[PDB]
Amino acid sequence: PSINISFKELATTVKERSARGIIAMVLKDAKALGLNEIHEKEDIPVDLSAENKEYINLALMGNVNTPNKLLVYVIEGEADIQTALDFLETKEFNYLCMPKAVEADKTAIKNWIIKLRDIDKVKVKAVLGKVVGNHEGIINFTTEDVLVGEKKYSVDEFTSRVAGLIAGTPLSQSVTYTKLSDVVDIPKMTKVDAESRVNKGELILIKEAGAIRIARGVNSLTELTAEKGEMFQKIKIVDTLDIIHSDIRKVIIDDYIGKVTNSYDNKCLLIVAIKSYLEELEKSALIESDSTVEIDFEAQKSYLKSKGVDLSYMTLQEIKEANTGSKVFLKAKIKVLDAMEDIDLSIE
Amino acid sequence: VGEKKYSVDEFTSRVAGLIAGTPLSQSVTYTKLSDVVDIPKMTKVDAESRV
Amino acid sequence: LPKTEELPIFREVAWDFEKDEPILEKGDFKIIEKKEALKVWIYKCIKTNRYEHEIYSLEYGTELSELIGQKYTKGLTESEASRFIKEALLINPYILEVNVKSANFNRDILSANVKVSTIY
Numbered sequence: 006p007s008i009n010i011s012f013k014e015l016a017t018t019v020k021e022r023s024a025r026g027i028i029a030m031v032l033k034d035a036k037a038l039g040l041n042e043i044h045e046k047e048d049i050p051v052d053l054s055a056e057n058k059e060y061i062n063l064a065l066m067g068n069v070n071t072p073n074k075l076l077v078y079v080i081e082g083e084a085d086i087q088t089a090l091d092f093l094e095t096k097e098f099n100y101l102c103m104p105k106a107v108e109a110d111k112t113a114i115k116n117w118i119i120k121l122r123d124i125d126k127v128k129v130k131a132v133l134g135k136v137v138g139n140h141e142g143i144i145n146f147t148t149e150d151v152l153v154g155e156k157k158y159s160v161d162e163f164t165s166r167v168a169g170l171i172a173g174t175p176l177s178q179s180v181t182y183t184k185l186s187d188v189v190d191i192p193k194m195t196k197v198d199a200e201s202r203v204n205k206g207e208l209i210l211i212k213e214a215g216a217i218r219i220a221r222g223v224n225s226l227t228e229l230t231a232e233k234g235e236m237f238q239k240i241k242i243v244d245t246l247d248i249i250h251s252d253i254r255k256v257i258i259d260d261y262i263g264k265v266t267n268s269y270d271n272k273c274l275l276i277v278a279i280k281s282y283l284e285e286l287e288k289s290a291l292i293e294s295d296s297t298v299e300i301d302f303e304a305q306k307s308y309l310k311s312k313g314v315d316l317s318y319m320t321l322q323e324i325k326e327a328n329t330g331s332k333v334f335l336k337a338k339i340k341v342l343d344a345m346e347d348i349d350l351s352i353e
Numbered sequence: 153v154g155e156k157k158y159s160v161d162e163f164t165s166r167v168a169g170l171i172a173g174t175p176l177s178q179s180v181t182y183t184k185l186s187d188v189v190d191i192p193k194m195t196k197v198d199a200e201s202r203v
Numbered sequence: 016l017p018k019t020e021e022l023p024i025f026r027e028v029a030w031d032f033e034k035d036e037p038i039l040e041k042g043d044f045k046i047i048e049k050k051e052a053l054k055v056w057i058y059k060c061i062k063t064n065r066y067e068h069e070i071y072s073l074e075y076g077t078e079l080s081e082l083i084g085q086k087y088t089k090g091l092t093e094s095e096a097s098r099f100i101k102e103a104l105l106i107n108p109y110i111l112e113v114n115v116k117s118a119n120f121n122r123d124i125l126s127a128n129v130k131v132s133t134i135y
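Going line by line, the protein sequences match chains f, P and j.
All residue numbers for the first sequence refer to the authors' numbering, where the first residue is 6 and numbers rise by one.
All residue numbers for the second sequence refer to the authors' numbering, where the first residue is 153 and numbers rise by one.
All residue numbers for the third sequence refer to the authors' numbering, where the first residue is 16 and numbers rise by one.
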């Protein structure tokens, strides 16, 4: 007999964010020995050391925006790599940095990252000081004797600072020619040496346009295969590709596995949803406005050959109409619309 | 009702007369009685269970 | 010439709207900021009418409970309740406007969709 008006507010977001702006921080301290997720600025645990506090402060600010999420884990230096790997497996991350990453530790980190990206299909990135590895997911910042604010800084400190800055870098903007006001004193380098270092695939600081900025934003991978091409030599392209991969995988796991069945109508609905997501991406300047979603027809051919059904005496549309045995095959045409850093025009 | 003790049948007759005057558009639910002033205190849970 | 001064963040106690009982975080009431205080204010305003309690100010209160008990047909009381909600909710300076979409008729339970526009 007693009834009430129960109204619960609803908020709609046109843009959905997933696995973006994450910073993974692991430091070796004997006092805290735990994980700390920092969502509010100037949140400093008393356990962490002064150098760790400096690392946190460097990670605090970004070029355009403060990084969305800062996650810090603390454990003893001994057996740090195993626990760091376990925790990063437990909780997803976007970028990784280590204050005291030795060459063996950096190699192990790169191997774990590439193994994840190649088997687990988890698109993750790491920033490292001196690594010559053959993967584009890692970031190599080889700039020695770096001093910021008339203060001596180690290589790993500035790599963490640059990772935090990139976390705050918007996708429309490019990391190329981004000046740092805090950096005041750097060893003098020649233009030829800087160009040679950049052509080696290294990220360095240059004094240009009356400021100290980085020359380029290329990936740490020196050797890109024939298929990868020039654009895959840029972190900007791989970033949006990884974001699209993560979003598609997340929505697929949320909706289509288990909950949804396999049918031609289900295939059409999945195609429509993929097209809608691609249109949402097209709303941003990240990708081109033109893209297509199609059923992988040759994959259906291969599935029929595995089944053994003769290809003759039916319409080619029946191949699409034929059930794929709890499977879906799709084809999509996309192109990354990442614009231009430096240009060259002509006069008459 | 009206600081006067009333038997059950008295108030049933009163409620029947009140319902006789209730229009069909209106509903008898949540119809207040000004004459009734003193009633024993009951809990909301007990009233809900009784209803 | 001077621009309008922004309304400072409304801070007060917090609780679950479904629980209807105040919650305590380690002894401290949960802090409400941005779009947290206005929901509590709207819940308090709608839940209880002013005319029942002498303590509240006359401008406070809503007359939606008058429609409780089926005192009139649904067709016009839909718009009447929309107007009542608009009167009851736009009194808050924080809230800009309130919109009501429609009402759903099923058995004895009426479901309606109402919209809130805010500043932050």
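Just so you know, even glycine gets a beta-carbon here, dropped at the ideal spot from N, CA and C.
Going by C-alpha distance, which of j:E27, j:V28 and j:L53 is nearest j:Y109?
For the residues j:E27, j:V28 and j:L53, the minimum Cα distance to j:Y109 belongs to j:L53.
Check whether the Cβ atoms of f:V167 and f:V132 sit closer than 8 angstroms, and answer yes or no.
Their beta carbons are under 8 angstroms apart, which means f:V167 touches f:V132 by this criterion.
Can you pull the chain j neighbours of P:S165, defined as C-beta to C-beta under 8 angstroms?
None at all; the shortest Cβ gap to chain j is about 23 angstroms.
Quick check: f:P50 and P:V203, are their CB atoms within less than 8 angstroms of each other?
No; because the gap between Cβ atoms is not below 8 angstroms, this pair is not in contact.
Taking any Cβ of chain j, which residues in the region 20-51 of chain f have a Cβ under 8 angstroms from it, in chain order?
So the list is empty, because no residue satisfies the distance condition.
Which chain f residues sit within Cβ distance under 8 angstroms of P:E200?
The contacting residues are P6 and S7.
Provide the residue span of the beta strand (DSSP E) that contains f:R218, from first to last.
It spans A216 to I219 - the beta strand (DSSP E) in which f:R218 sits, taken as one unbroken run.
If you reduce the DSSP assignment to three classes, tell me which class j:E27 lands in.
If DSSP states are grouped into helix, strand and coil, j:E27 belongs with coil.
Is there at least one Cβ from chain f nearer than 8 angstroms to P:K184's Cβ?
Not closer than 8 angstroms to any Cβ of chain f, the Cβ of P:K184 fails to qualify, so no.
If we call anything under 8 angstroms between Cβ atoms a contact, is f:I144 one with f:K184?
It is not a contact, given that the beta carbons lie outside the stated cut-off.
For chain P, is any of its Cβ atoms less than 8 angstroms away from the one on j:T92?
Judged by the 8 angstroms Cβ criterion, j:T92 is not in contact with chain P.
So for f:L53, helix, strand or coil by DSSP?
Here f:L53 sits in coil by DSSP.
Got a sec? Which residues, its chain only, sit under 6 angstroms from j:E93 by beta carbon, not counting five neighbours each side?
Excluding residues within five positions, the ones whose Cβ falls inside 6 angstroms are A118.
If j:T88 sits next to j:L111, beta carbons under 8 angstroms apart, how far is it from one beta carbon to the other, in whole angstroms?
With 8 angstroms as the limit, j:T88 and j:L111 do not qualify as a contact, their Cβ atoms being about 32 angstroms apart.
Given a threshold of 16 other Cβ atoms within 10 Å of its Cβ, counted over all protein chains shown, does f:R221 qualify as buried or as exposed?
Buried: at least 16 other Cβ atoms inside 10 Å.
Quick one: residues in its chain with C-beta nearer than 7 angstroms to the C-beta of j:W56, no 5 flanking neighbours on either side, listed in chain order?
These residues qualify, in order along the chain: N107.
Going by other Cβ atoms of all chains shown within 10 Å of its Cβ, with 16 needed for buried, is f:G215 buried or exposed?
Classification of f:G215: exposed, given that the 10 Å Cβ count is below 16.
Report the three-state DSSP secondary structure of f:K233 (helix, strand or coil).
In this structure, f:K233 counts as coil in the three-state DSSP scheme.
In angstroms with no decimal places, state the Cα-to-Cα distance between f:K325 and f:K280.
Going from the Cα of f:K325 to the Cα of f:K280 covers about 19 angstroms.
Quick check: what's the CA-CA separation for f:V341 versus f:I242?
Their backbone Cα atoms lie some 7 angstroms apart in a straight line.
If you compare alpha carbons, which of j:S97, j:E69 and j:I70 is closest to residue 141 of chain j?
The requested residue 141 of chain j does not occur in the structure, where chain j is confined to residues 16 to 135.
Between the alpha carbons of P:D161 and j:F44, how many angstroms are there, rounded?
Roughly 51 angstroms separates the two Cα atoms.
Quick one: which chain P residues come within Cβ less than 9 angstroms of j:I83?
Within 9 angstroms Cβ-Cβ: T181 and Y182.
Extract the residue ranges of the beta strand (DSSP E) inside the region 156-221 of chain f, only unbroken runs of 3 or more that lie entirely within it.
Listed in chain order, the complete beta strand (DSSP E) runs (minimum 3 residues) inside the region 156-221 of chain f are 210-213 and 216-219.
Ends of the alpha helix (DSSP H) at f:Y269?
From DSSP, the alpha helix (DSSP H) with f:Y269 extends over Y269 to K288.
Within the 8 angstroms Cβ cut-off, does j:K86 reach chain P?
Taking Cβ atoms only, chain P reaches closer than 8 angstroms to j:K86, which makes this a yes.
Contact check, f:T147 vs f:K135 under 8 angstroms by CB: the rounded distance?
Sure, about 6 angstroms apart at Cβ, within 8 angstroms.
Quick check on f:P72: buried or exposed, where buried means 16 or more other Cβ atoms within 10 Å of its Cβ?
That one is buried.
Check each residue of the region 19-44 of chain j: if its Cβ is closer than 8 angstroms to any Cβ of chain f, include it; give the result in chain order.
Flagged, chain order: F32 and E33.
From what residue to what residue does the alpha helix (DSSP H) around j:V55 run?
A52 to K62 is the extent of the alpha helix (DSSP H) around j:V55.
Roughly how many whole angstroms lie between the Cα atoms of f:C273 and j:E21?
If you take the alpha carbons of f:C273 and j:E21, they lie about 49 angstroms apart.
What does DSSP give as the partner residues of j:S126 in its beta bridges?
Paired residues: j:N119.
So, helix, strand or coil for f:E21, using DSSP?
If DSSP states are grouped into helix, strand and coil, f:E21 belongs with coil.
In chain f, which residues lie with their C-beta within 7 angstroms of the C-beta of j:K54?
Near j:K54 (Cβ distances below 7 angstroms), the residues of chain f are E14.
Select from f:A337, f:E213, f:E81 and f:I8 the residue whose C-alpha is nearest the C-alpha of P:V197.
For the residues f:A337, f:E213, f:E81 and f:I8, the minimum Cα distance to P:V197 belongs to f:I8.
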